[PDB]
């Protein structure tokens, strides 16, 4: 009995984005051209100018009308009121999510040596889309998944919801070694734009964007995979005390909206060390044993205060900074993106002589405020 322990492994991953790459210069010009926010322009220039978000992707052409696709209508009213009822907004979510989420799912299944029939469990994760028959239903028809597939819709868990999706998958996949589970996170914040008079909303409107990421998971022993394979060995959470006001969500008539506390980055700085050191103590490890960090690119302060809290260099978080610059905050699939660049650099090293990474941690933040995170080591 040398060992027969089954470890949860990401057998494949895919990254997705809608048509419209909007540079922060164009985003600033649009927001400032909106009437009502005409007396709020000085703060807009400070938020957009000091965002190191180079570009953001949107499903809707309204932010980039000069290069709008032919036959793609502007979603927001002509009078610049940005008044669309919430149900109509969710209709547009579905409208634009289906083509996106089915493509990313397909490429995920393609990354593993798998056919569509092989998926027994489906997890769709969103906080921006809640619809009748779900995207889970839509992915069964467009990809032709066996109609007996297990369905879970993890809704409204904020930017950390990928971690929760991973847990659910690992639990199933560890219970069912030979079986395969698909986990997709998709967000379309370009549907919930209001351009409200307050600075809180102004901050969100400069940060949140569209994106999608899918990952396939399998139950694997240490003799079924290639040499430098990484398995999610452990997971961790901590509901931070006295942080209740950190991330507040709400569904309102004019869209699904958010309020991020001023002291939210401070909450992270004061608590993040306790999370990571507690997580690592389980495995007799320290901060220094970790080769890479997938911090959620929820914005500048998020990454910076994680850096300050954990004492990490700009080089240790370069992948998070990279996803923030090119994509911005895509909400829940944002960490998956960071994991993708990491999984690209790992493998590239494995192609050459190098052993690649031995230990890595990926974490983000949930409404609570909670710290959700996973640890992958080499099997």
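Residue numbers count along the first chain shown, from 1.
Two stretches are in play, 17 to 25 and 361 to 369, and the higher mean C-alpha B-factor belongs to 17 to 25. In this crystal structure, the stretch out of 194 to 202 and 231 to 239 whose C-alpha atoms carry the higher mean B factor is 194 to 202. Per the deposited record, 350 carries the highest C-alpha B-factor of all listed residues (350, 324, 336, 331). Between the residues 211, 255, 132, 165, the entry's highest C-alpha temperature factor is the one at 132. Sorting the modelled residues of the chain by their CA temperature factor places residue 142 in the highest third. The deposited CA B-factor of residue 57 belongs to the lowest third of values across its chain. For residue 115, the recorded CA temperature factor ranks within the highest third of the chain's modelled residues. Ranked against the other modelled residues of its chain, the C-alpha B-factor of residue 223 as given in the entry falls in the highest third.
Remark: residue 78 belongs to the highest third of its chain, ranked by C-alpha B-factor as recorded.
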